Amino acid sequence: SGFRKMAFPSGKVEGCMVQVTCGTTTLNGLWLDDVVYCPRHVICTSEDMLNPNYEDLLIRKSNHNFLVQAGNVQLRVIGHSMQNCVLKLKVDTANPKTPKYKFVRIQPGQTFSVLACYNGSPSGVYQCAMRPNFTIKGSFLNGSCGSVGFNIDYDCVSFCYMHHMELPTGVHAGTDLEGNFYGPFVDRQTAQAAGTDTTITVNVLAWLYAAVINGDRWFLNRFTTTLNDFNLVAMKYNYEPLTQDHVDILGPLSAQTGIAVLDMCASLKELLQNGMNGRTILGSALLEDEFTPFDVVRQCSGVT
Amino acid sequence: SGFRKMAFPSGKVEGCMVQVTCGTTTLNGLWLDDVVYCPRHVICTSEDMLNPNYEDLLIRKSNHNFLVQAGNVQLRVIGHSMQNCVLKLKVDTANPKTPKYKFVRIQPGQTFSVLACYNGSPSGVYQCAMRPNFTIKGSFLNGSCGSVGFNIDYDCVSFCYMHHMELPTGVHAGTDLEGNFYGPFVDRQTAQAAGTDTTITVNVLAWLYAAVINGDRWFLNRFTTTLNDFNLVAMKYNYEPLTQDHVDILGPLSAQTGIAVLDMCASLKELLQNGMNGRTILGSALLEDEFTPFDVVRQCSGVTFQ
Ligand SMILES: *C(=N)[C@H](C[C@@H]1CCCNC1=O)NC(=O)[C@H](CC1CC1)NC(=O)c1cc2cccc(Cl)c2[nH]1
Ligand SMILES: *C(=N)[C@H](C[C@@H]1CCCNC1=O)NC(=O)[C@H](CC1CC1)NC(=O)c1cc2cccc(Cl)c2[nH]1
């Protein structure tokens with residue numbers, strides 16, 4: 001038993017992390033086959049960061065303006081192109097530790113593992129959710145950029161995230177591995193607001209199922225509700241609307257516990273309306289929205 | 001910015017995890033050089049587990065009663081000894097991925113990373129504190145035993161933990177890598193009490209400093225206190241007594257923030273006595289005691305591993 005924020009094992013991803021320097025900017029790259037992927041903002045001076053014409057800046061740059069170190073081994077940069085907000089640096093060497101991999105753009109509400117890196121070295125691994133406003137609540141310092149977010153499926157790494165920036169709210173923004181930002185953000189040195197930070201309703205419910213499987217049941221009521229009655233309340237508390245598809249996603253958890261999604265929806269409704277009175281669920285005095293139904297099953301059936 | 005419960009990179013440890021089977025019992029072992037370390041309870045049937053004579057059970061076993069698989073690779077067992085609550089299985093092959101390693105028995109209030117494994121396959125990594133009552137708040141299902149806890153220092157792995165059991169309170173118990181339990185636990189199919197779960201006071205304070213470095217300051221007051229006045233409140237809430245040594249360890253976080261340890265102690269005292277008024281600190285509506293001062297500095301300065 002027990003329920004923890006669990007990251008995927010980081011071994012397959014550690015092997016792909018390298019250092020990318022350009023002038024004074026150093027950050028992290030992802031070395032897959034003969035390509036290093038890093039944030040295009042590596043080519044900027046502080047002057048350029050304010051209103052960068054990335055097209056023009058990249059024209060002034062040559063292969064030899066990029067210093068790529070993989071551990072102690074310098075990689076020769078033989079090519080440089082720009083795909084949306086990522087630089088693809090062609091190197092003369094295939095990463096021999098390239099794991100089987102995909103690039104996926106994850107949907108809001110989905111979680112992934114972040115391997116936080118400085119100077120191409122892993123510091124640590126933690127789990128994050130792509131919030132509905134397309135931000136993540138991470139732990140990212142200077143030089144963290146190019147750190148990547150990933151999921152592991154069979155032997156296959158799905159890279160979904162590359163870190164580019166911090167927002168004034170202290171939350172984080174980045175791209176998929178094709179360089180397209182999650183959400184409205186631009187790679188430019190400017191205070192950028194995210195939307196209002198709505199709560200991933202289906203994740204709260206999954207987590208409540210995690211709670212029941214681990215013996216926290218005090219919030220179970222004999223009440224029920226309809227999807228439309230639930231959504232009417234939840235909207236008032238900036239909860240994402242719950243869809244039939246979300247009910248279907250929760251099915252396995254619903255079956256393991258014997259509680260219909262709509263019975264649990266009735267429980268969450270009481271919790272939103274009456275608060276928690278300083279009781280805890282799975283050790284939390286707040287409602288947790290960063291576990292997917294998948295995260296909950298992984299931990300409460302034993303997938304490896 | 002941001003402060004998260006962060007585990008060590010698991011790459012160096014992943015290569016050491018294997019499957020150990022004996023009769024129908026399968027769990028995880030740790031393969032370093034030509035030795036596999038697993039929980040001795042791998043030799044038990046359900047009929048034995050309640051009052052096991054491990055000495056007698058192990059005598060009925062031979063090298064060939066142990067199946068060790070590393071991924072698909074069959075390891076031949078050529079030796080077996082019991083040290084405390086671990087089996088050392090001598091195998092014919094040195095783990096080619098053996099990282100530089102130590103075995104360390106960590107102190108209560110110290111943290112480590114747990115690589116949760118089933119059938120010798122790593123499922124995930126999370127950070128845990130050895131609590132003052134020598135339990136950890138983990139996530140462990142059947143077959144998770146032999147999962148290890150570790151720290152990374154430079155390129156050197158310090159293995160401090162091997163998972164053996166759950167307690168009725170829903171917390172976890174295990175050994176160091178020489179098979180000696182943390183705390184009073186025995187490897188027997190029996191509901192065992194941990195002590196009162198005292199709070200690691202030094203860690204709450206470090207975490208409050210982490211909060212200030214990340215811009216949460218609402219709990220800072222004009223007040224200060226003495227160690228003796230603080231401990232008088234702390235004791236009341238089953239907080240560990242704050243020692244002079246703990247004040248000394250908090251020095252650098254105190255200096256980085258410019259809040260004196262006793263000013264932060266004054267803040268914690270107000271938080272224990274008045275609660276948090278339903279506000280959050282680093283996204284928590286409770287006080288977090290599972291970050292060491294060291295964890296806070298590492299994460300807030302951005303320290304990496306070779
Ligand atoms: C990448 N190495 C770096 C990560 C940042 C650094 C600051 C602390 N934490 C992080 O997540 N990204 C970076 O410096 C970016 C580069 C910009 C996108 C082109 N800059 C910012 O994140 C940035 C700029 C501004 C302006 C105003 C307010 C805020 Cl919060 C800003 N963040
Ligand atoms: C190891 N594979 C396994 C891990 C356990 C299994 C149950 C869920 N969580 C875990 O962490 N440990 C295990 O089966 C041990 C084996 C015994 C110690 C030698 N047994 C227990 O954890 C166990 C026995 C009892 C009896 C009463 C109450 C409780 Cl909480 C118990 N836990």
Side-chain angles (χ1 to χ4, degrees), chain A residues 9-11 14 71 121-125, chain B residues 6-18 20 27-40 68 70 75 79 81-91 93-117 120 122 125-131 134-136 138 145-153 155-164 172-183 185 200 203 249 290-295 297-299 303-305:
Chain A
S10 56
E14 287 166 52
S121 284
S123 36
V125 63
Chain B
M6 209 168 287
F8 286 103
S10 54
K12 291 181 212 292
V13 178
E14 287 167 57
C16 310
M17 294 317 301
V18 300
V20 181
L27 41 71
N28 309 289
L30 182 74
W31 184 23
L32 301 166
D33 301 317
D34 60 345
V35 182
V36 175
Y37 309 75
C38 69
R40 75 173 167 177
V68 180
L75 300 183
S81 51
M82 195 157 56
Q83 185 188 346
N84 307 307
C85 304
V86 292
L87 246 48
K88 293 171 306 205
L89 310 179
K90 195 61 114 224
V91 286
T93 302
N95 182 4
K97 312 229 205 216
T98 306
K100 262 172 277 205
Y101 76 92
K102 309 183 160 168
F103 294 162
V104 300
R105 183 170 187 92
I106 44 155
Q107 298 300 308
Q110 295 310 121
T111 50
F112 60 89
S113 294
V114 164
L115 182 65
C117 310
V125 63
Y126 56 87
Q127 192 85 336
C128 279
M130 188 50 66
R131 301 208 54 77
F134 296 100
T135 58
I136 65 158
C145 283
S147 288
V148 296
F150 65 93
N151 283 294
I152 299 200
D153 190 2
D155 44 358
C156 177
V157 178
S158 294
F159 291 105
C160 56
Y161 184 77
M162 172 166 269
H163 186 63
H164 292 245
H172 298 107
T175 64
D176 60 28
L177 265 297
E178 306 172 48
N180 300 110
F181 266 91
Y182 293 92
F185 312 110
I200 319 136
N203 288 355
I249 292 150
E290 302 226 343
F291 298 91
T292 67
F294 176 75
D295 296 336
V297 165
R298 258 202 293 120
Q299 194 181 147
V303 159
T304 45
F305 302 117

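All heavy atoms count here, side chains included; hydrogens, waters and symmetry mates do not. Letters A, B, ... mirror the listed sequences (proteins, then strands); counts begin at 1.
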Would you call B:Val13 and B:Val157 a side-chain contact if the rule is heavy atoms closer than 4.5 Å? yes

Looking only at the aromatic ring of each residue, does the gap between the centers of B:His164 and B:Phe185 stay below 6.0 angstrom? no

Are the side chains of B:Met130 and B:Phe112 in touch, meaning some heavy atoms are under 4.5 Å apart? yes

Qualifying residues under ring-ring contact (aromatic ring centres under 6.0 Å, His included), relative to B:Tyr126, sequence neighbours excluded: none

Can you tell if the side chain of B:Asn203 reaches within under 4.5 Å of the side chain of B:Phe291, non-hydrogen atoms only? no

Please assess B:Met82 against B:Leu87 for the test side-chain contact (heavy atoms from CB on, under 4.5 Å), listing each intermediate value before the final yes or no. CA-CA 5 Å; B:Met82 195 157 56; B:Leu87 246 48; 4.1 Å; yes

My understanding is that only residues two or more places apart in sequence, or in another chain, count here; which of them pass salt bridge (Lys or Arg N to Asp or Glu O under 4.0 Å) with B:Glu14? none

Minimum heavy-atom separation for A:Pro122 to B:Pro9, with atom names? CB-CG, 3.5 Å

Given side chains that start at C-beta, do those of B:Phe8 and B:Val125 come closer than 4.5 Å, heavy atoms only? no

Please test B:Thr175 against B:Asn180 for side-chain contact (heavy atoms from CB on, under 4.5 Å), starting from the C-alpha separation and ending with a verdict. CA-CA 5 Å; B:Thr175 64; B:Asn180 300 110; 5.7 Å; no

For B:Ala129, does its backbone N or O pair with a side-chain atom of B:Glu290 as donor and acceptor, under 3.5 Å? yes

Measure from the side-chain N and O atoms of B:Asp176 to the backbone N and O of B:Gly179, and report whether any donor-acceptor pair falls under 3.5 Å. yes

Pairing residues for B:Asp33 by the side chain to side chain contact (heavy atoms under 4.5 Å, CB included) criterion, not counting sequence neighbours: B:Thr98, B:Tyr101

Validation row: B:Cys16, B:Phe150 side chains within 4.5 angstrom (heavy atoms): no

Measure from the side-chain N and O atoms of B:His163 to the backbone N and O of B:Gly146, and report whether any donor-acceptor pair falls under 3.5 Å. no

Please determine whether side-chain contact (heavy atoms from CB on, under 4.5 Å) holds for the pair B:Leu32 and B:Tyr37, giving the CA-CA distance in whole Å, both sets of side-chain angles, and the decisive distance to 0.1 Å. CA-CA 8 Å; B:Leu32 301 166; B:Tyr37 309 75; 4.3 Å; yes

Heavy-atom check, side chain of B:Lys90 versus side chain of B:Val35, under 4.5 Å: yes

Backbone N/O of B:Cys145 and side chain of B:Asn28: donor-acceptor pair under 3.5 Å: yes

So do the side chains of B:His172 and B:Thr135 get within less than 4.5 Å of each other, counting heavy atoms only? no

If only atom types and distance count, is the side chain of B:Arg105 paired as donor or acceptor with the main-chain N or O of B:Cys160 below 3.5 Å? no

